[PDB]
Amino acid sequence: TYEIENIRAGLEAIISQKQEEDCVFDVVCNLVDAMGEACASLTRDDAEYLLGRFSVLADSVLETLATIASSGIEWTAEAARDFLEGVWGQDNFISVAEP
Amino acid sequence: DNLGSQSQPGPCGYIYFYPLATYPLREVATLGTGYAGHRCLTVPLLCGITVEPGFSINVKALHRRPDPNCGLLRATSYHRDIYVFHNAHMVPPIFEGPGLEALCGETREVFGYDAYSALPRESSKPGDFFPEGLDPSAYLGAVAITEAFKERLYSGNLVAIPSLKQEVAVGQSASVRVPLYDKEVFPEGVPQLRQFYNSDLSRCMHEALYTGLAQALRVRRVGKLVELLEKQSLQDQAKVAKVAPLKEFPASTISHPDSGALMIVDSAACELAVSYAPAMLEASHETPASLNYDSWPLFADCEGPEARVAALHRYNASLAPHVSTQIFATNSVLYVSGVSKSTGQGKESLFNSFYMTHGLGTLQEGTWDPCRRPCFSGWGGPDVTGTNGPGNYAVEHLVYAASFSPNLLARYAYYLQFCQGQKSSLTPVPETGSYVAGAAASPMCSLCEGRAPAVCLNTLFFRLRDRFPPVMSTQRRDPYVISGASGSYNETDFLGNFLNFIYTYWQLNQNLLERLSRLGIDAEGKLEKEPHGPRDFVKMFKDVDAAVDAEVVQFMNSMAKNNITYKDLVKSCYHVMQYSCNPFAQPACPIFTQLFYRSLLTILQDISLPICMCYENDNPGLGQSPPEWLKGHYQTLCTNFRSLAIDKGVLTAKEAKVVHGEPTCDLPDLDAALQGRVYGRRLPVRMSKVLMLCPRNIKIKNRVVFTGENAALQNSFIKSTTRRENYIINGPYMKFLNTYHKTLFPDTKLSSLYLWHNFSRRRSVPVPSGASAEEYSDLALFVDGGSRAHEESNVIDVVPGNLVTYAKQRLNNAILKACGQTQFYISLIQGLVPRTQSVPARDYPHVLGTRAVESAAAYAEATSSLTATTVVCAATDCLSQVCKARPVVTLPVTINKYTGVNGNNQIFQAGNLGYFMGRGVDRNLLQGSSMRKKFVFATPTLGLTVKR
DNA sequence: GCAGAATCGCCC
Ligand SMILES: [Zn+2]
């Protein structure tokens, strides 16, 4: 297998195994571990390939990578969690039945 | 009437002279095959840059005078490539890597191929072919040649007549042309040194034209192939056997239990290709709009020379996936190895039992001649192991794919520079800077001596190493990959050729597009007004659904009143693609000349296999050699092929009679012009050949509906019906819910995937702070109910990316439900379309040029501010809109053969769409792989080379 | 590890 096939199989495992949180930060920390600095210039066509059956997430990943690149930390999964999980610090939800 | 009869009397070719002070040398270099140190190169024939506007590609060439008072005329088209041979050092190279001519020369010899052998004379001096009063140092010289007389150019048998010069405008350059005539126009003869010859031109033709035609026939004696092609053109030898004594066979052929029959069939198939391919290439062709370079739309915004050259590099980058696929695919047309027989203990039916094989490992083996004597001794592979290792693909296999030509190899390397590298997941590799400053700078490199480490072909090979195919020695029946221009009428919507003629399926699709235009949606799916909030989003979908469902009611009520049996017609429908047989329809690249010609020769051989097998079964070889059998049998087999190969389901061609209306024509006096005088004479004329075979199309087919009857295959096609959790996120709305996410939920932190997956599992939805709960609960219930109705009914395995694709999916699901076709998924074709992206240069060392690199630190510094153009392919859900843009295509084909129905004993053919082999071809193909999804590579031409 | 098919033109 190519290196990009292994990154793709590892992201589909993260996304298909979460419940009761959004998945975006764990996907970003996985890409930052796998690629480091090369994330700063990751294209939409490459992001869409790596997300596999979840390629709709690509707009949200590329924005989060732009907030890391425009705020100056080194590219490691520790520094990225300290920034992302720190910069947040909200939604009111209605129940909809089924007929 | 026909294009042959309408064409005018003229010469056999022209020498063009372009002025160096004004000619756009950098533009032609981007369309050329120049290598560093070249003496000759090829360029495309194009109106406004290599020939004048209104150049006539079809002519009646004057080629013989039996006596001074009679001329004979041959109808012919021009050859597609122009050969630049005088002052050629003034055109820049396409690729900067050094040492290619010695590499090609060494590799040709280990494969046992014939090098160019020069005539014992010198080349013609400039003062013997230039117009009087032109300075030979001020001009670039090039030849344009007719397809019927190009072997006479190669062998030094044409005559140039400078007194017959004509002034022509080539773009903004004041150019001159001089006519070429065959030496048979002079019945008293001309002195032998008065004939036109150039050793560099003939050598370039040997390497870049004829060696690839020889490789497509499995012939090594390239010079003997050229002599027999010349004699076929001039002496009408199409029905005489000629290639069989040049054939060679591997041990798997010689030891086969049916060896005698197999040697006859492979020989006869190569003879039929040599008789018929030149005749179809010489035919009169239509002149495409893409031939006029000064009207190409891709220049529309350009100001000045630098802007135009940059536009040509972006054009080339969009063609690169076609060329890389023919290098990386294991089943490329460039790797076809011979013919083999299903050995009784095999799956094939009788008409499929002989088939074409591929394999680079087989292409290295030793061979035997037609009398079973030892012939070529073979090659053991690289004498020193290169960076890809033992038994793997080496740079010599890329040199073999480029026909041992430094001109073709330079242009293949230039296209390969656009490709992404893909490292293996388990192999340690140096970083790009430490390879370029380290091993690539070694004084032991045979190409660059370590003095061009960033551009060297060994550095490009090292970067792309894991994308090359395996080296194969097996004998399996696989599809092979072809490249070229598409034809006018392609049927690639979801039901293909269903109700194409009689309202029709094409009219149904046009009626749907008109209803969507009245809702404010265009043919590519762009809106005139985007939705403001939850209500508009729902209303947009309900109005599109109501438009589709009204058109279904009219169409079904038509089928009722007209009594059409459409339930049966759905079961038998096919996707249909046309591969064009016009050599002038091909894209403006000299590599596409080789890919078109070799695609055509391969298809003719494959069509002939059952035709030859049946004739030899009725007329057996009895231990005669193929040459001695063909001596009695070939004239009958030519007549059988013409009847049985054409209009039987793959190849279409028309025969035409060529007539000239006047008994005389106004021409220059050639006996006066040879002595320097110009005046008109009315020469009596007649045709030398009356019959022409105009090629039309090759047809590629793919079945849509699975009937259940083959019970072995069902698990690849079966439609599930149970409620899944992924029903919203893999349903019809998810891409639209993501596009409009910020208009729908203005100030949330949640992703669209998580918001809707949370509603799927937990039945809860967030309500935006200023909005109202009713309006959001209505949005949630609209998405849910619609997503379950799609889950229960859908047989088209697509998630739609635009409102036109959404509406067409809804329409075709409603037709299939009326037919009862709701238990299986249908077959799909997807287009892989090129996309061009600018990226940081660090992993693309070719941007540094022929520069020295002293350290990995200096490489990083030198690349820090630079960028490279690279290309990747995107999958399209909608091949139909791409086919309207007249695309260049690359696809895999197998020609299957079968008996007719109802006791019709005749052999019929279908060219079925197949699969790509080799993991390096494209990342979108990576996981047979699918029975129900197939792929085609496509690049559009409308809005690039042809105006809308 | 990759259906089955008697064929041509017609084309908006
Ligand atoms: Zn080198």
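### Things to note about the coordination of the zinc ion
Residue and element names in this part refer to chain B.
- Ligation of the zinc ion by protein atoms is provided by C445 (SG), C448 (SG) and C456 (SG), these donors lying 2.0 to 2.4 Å from the ion.
- Mapping the donors of the zinc ion onto the primary sequence gives the spacing C-x2-C-x7-C. In this pair, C445 sits in the loop between α13 (432-436) and α14 (457-464) while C456 sits in the loop between α13 and α14, placing the two residues 11 residues apart along the sequence. In this structure, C445 and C456 share a single accessibility class: buried.

### Some thoughts on the protein's contact with DNA strand C
All names here are of chain B.
- In the vicinity of DNA strand C, 30 residues are found, and the nearest of them are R696, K699, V705, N710 and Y898.
- At a separation of 2.4 Å, a phosphate oxygen of DNA strand C approaches a polar side-chain atom of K699.
- Counting only elements with at least two residues in the surface near DNA strand C, the list comes to β18 (691-703), β22 (888-899) and β23 (907-913).
- Sorting elements by how many residues they give to the surface near DNA strand C places β18 first, with 3 residues.

### Some points on the pattern of salt bridges
All names here are of chain B.
- Evaluation of the coordinates by the stated rule reveals 48 salt bridges over all chains.
- Here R152 makes a salt bridge to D182, at a shortest N to O gap of 2.8 Å. In this pair, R152 is assigned in helix α4 (residues 150-154) and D182 in strand β10 (residues 173-182), connecting sequence segments 30 residues apart. Neither residue differs from the other here; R152 and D182 are each classed as buried.
- Residue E791 pairs with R788 through a salt bridge whose shortest N-O separation is 2.8 Å. Of this pair, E791 and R788 both sit in helix α24 (residues 773-793), 3 residues apart, roughly one helical turn.
- Looking at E791, the relative accessible area reads 13%, which means it is buried.
- Residue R788 is classed as buried on the basis of its relative accessible area of 17%.

### Here we look at the interface of chain A and chain B
- Each side of the interface is counted separately: chain A has 32 residues, and chain B has 45 residues.
- Carbon and sulfur atoms supply 51% of the area that chain A and chain B bury against each other, a total of about 3,300 Å² over both sides.
- Our enumeration of links across chain A and chain B arrives at 7 salt bridges.
- Inspection of the chain A/chain B interface yields 19 residue pairs in polar contact.
- Of all elements in the fold, only α1 (3-16), α3 (44-50), α4 (58-69) and β1 (93-95) of chain A reach the threshold of two or more residues within the side of chain A that touches chain B.
- Looking at the side of chain A that touches chain B, the element that brings in the most residues is α1(A), giving 5 residues.
- A class-by-class count of the residues in the side of chain A that touches chain B yields 12 nonpolar, 8 polar and 12 charged.

### Observations regarding the side chain of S787(B)
All names here are of chain B.
- Tracing the backbone shows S787 in helix α24.
- By relative accessible area, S787 is classed as buried at 1%.
- Only 2.7 Å separates the side chain of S787 from the backbone oxygen of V783, close enough to count as a polar contact.
- Among all residues touching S787, those that are not within four sequence positions of it are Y727, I728, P732 and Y733.

### Describing the sheet that holds strand β17 (residues 680-687) of chain B
Residues and elements named next belong to chain B.
- Judged by pairing direction, the sheet is mixed, and its 5 strands sit side by side in the order β1-β4-β5-β17-β16 without closing on themselves. For this open sheet the edge positions go to β1 (9-10) and β16 (664-668), each flanked by a neighbour on one side alone.
- Looking at chain direction, β16 and β17 are connected through 5 bridges and run antiparallel. For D666, the partnering residue across the bridge sits in β17 and is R682.

### Section: the environment of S688(B)
Residue and element names in this part refer to chain B.
- The topology assignment puts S688 in the loop between β17 and β18.
- The class of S688 is partly exposed, set by a relative accessible area of 34%.
- Leaving out residues up to four positions away in the same chain, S688 has contacts with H63, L72, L73 and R74.
- Here the side chain of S688 touches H63 through a polar contact of 2.8 Å, side chain to side chain.

### Quick notes on helix α15 (residues 505-517) of chain B
All names here are of chain B.
- Given a rise of 1.5 Å per residue, 13 residues ought to cover 18 Å, and the 19 Å separating the end C-alpha atoms of α15 matches this to within 8%.
- Looking at α15, one finds that the buried residues are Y505, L508, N509, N511, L512, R515 and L516. An end-on view of α15 places all buried positions within 160° of arc, on one side of the element. Facing away from the buried side of α15 by more than 90 degrees, the exposed set consists of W506 and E514.
- Buried residues belonging to α15 abut α16 (534-561) and α25 (803-818).

### Quick notes on the pairing of β18(B)
Residues and elements named next belong to chain B.
- Pairing of strand β14 (residues 574-580) with β18, which is carried by 7 bridges, proceeds in the antiparallel orientation. Pairing of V576 across the sheet is with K701, part of β18.
- Summarising the sheet, strand β15 (residues 651-657) and β18 pair through 7 bridges and their orientation is antiparallel. Pairing of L651 across the sheet is with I698, part of β18.
- With 2 bridges joining them, β18 and β23 adopt parallel strand pairing. Within β23, the position partnered with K701 by the bridge is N912.

### Topic: the packing of aromatic side chains
Residue and element names in this part refer to chain B.
- Applying the stated criterion across every chain, the model contains 49 aromatic pairs over all chains.
- Centre to centre, the rings of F111 and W379 are 5.2 Å apart; their planes meet at 50°, and the pair counts as tilted. Of this pair, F111 sits in the loop between α3 (100-110) and β7 (139-145) while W379 sits in the loop between α10 (360-364) and α11 (395-401), placing them 268 residues apart in sequence.
- Look at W379 and you get buried, because its relative accessible area is 16%.
- With centroids separated by 5.3 Å and ring planes inclined at 45°, the aromatic side chains of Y113 and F404 adopt a geometry described as tilted. Of this pair, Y113 sits in the loop between α3 and β7 while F404 is found in the loop between α11 and α12 (406-416), placing the two residues 291 residues apart along the sequence. Of the two residues examined, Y113 and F404, each falls in the buried class.

### Focus: unusual backbone geometry
- Phi at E20(A) is positive, roughly 60°, even though this residue is not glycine.
- Take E20(A): it is sitting in the loop between α1 and α2 (24-35).
- One non-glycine residue, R218(B), lies in the positive phi region at around 55°.
- Relative to the helices and strands, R218(B) resides in the loop between α5 (199-216) and α6 (222-234).

### Some details on the packing of helix α8 (residues 259-282) of chain B against helix α19 (residues 626-644) of chain B
Residues and elements named next belong to chain B.
- Running from amino to carboxyl end, α8 crosses α19 at an angle of 55°, the nearest separation of the two axes being 10 Å. The pairing of α8 with α19 is recorded here as oblique in orientation. Crossing of α8 over α19 shows right-handed handedness. Each of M263, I264, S267, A268, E271, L272, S275 and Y276 in α8 lies in contact with α19, whose residues at this interface are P626, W629, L630, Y634, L637, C638, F641 and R642.
- Taken together, the residues of the contact of α8 with α19 sort by class into 12 nonpolar, 2 polar and 2 charged.

Definitions and limits used
Residues numbered from 1 in each chain as written, not as in the entry; some residues may be left out. Chains lettered and ligands numbered in written order. Heavy atoms only, no water. Donors = N, O, S within 2.8 Å, 3.2 Å for Na, K, Ca; no water. Helix = DSSP H or I, 4+ residues; strand = E, 2+ residues; numbered from the N terminus. Buried < 20%, exposed > 50% of the residue type's maximum accessible area, 1.4 Å probe, protein only. Near = heavy atom within 4 Å. Polar contact = N/O pair within 3.5 Å; in protein donor to acceptor, adjacent residues only side chain to side chain. Salt bridge = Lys/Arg side-chain N within 4 Å of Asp/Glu carboxyl O. Contact = heavy atoms within 4.5 Å. Buried area = accessible area lost by both parts, 1.4 Å probe. Nonpolar A, V, L, I, M, F, W, Y, C, P; charged D, E, K, R; others polar. Pairing = 2+ DSSP bridges. Expected span 1.5 Å × (residues − 1). Arc of directions from axis to C-beta. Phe/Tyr/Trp six-rings, centres within 6.5 Å; stacked < 30°, edge-to-face > 60°. Axes fitted to C-alpha atoms, helices over the stretch in contact; angles between N-to-C directions. Parallel < 35°, antiparallel > 145°, perpendicular 65-115°, else oblique. Left-handed = near helix turned anticlockwise from the far one by under 90°.

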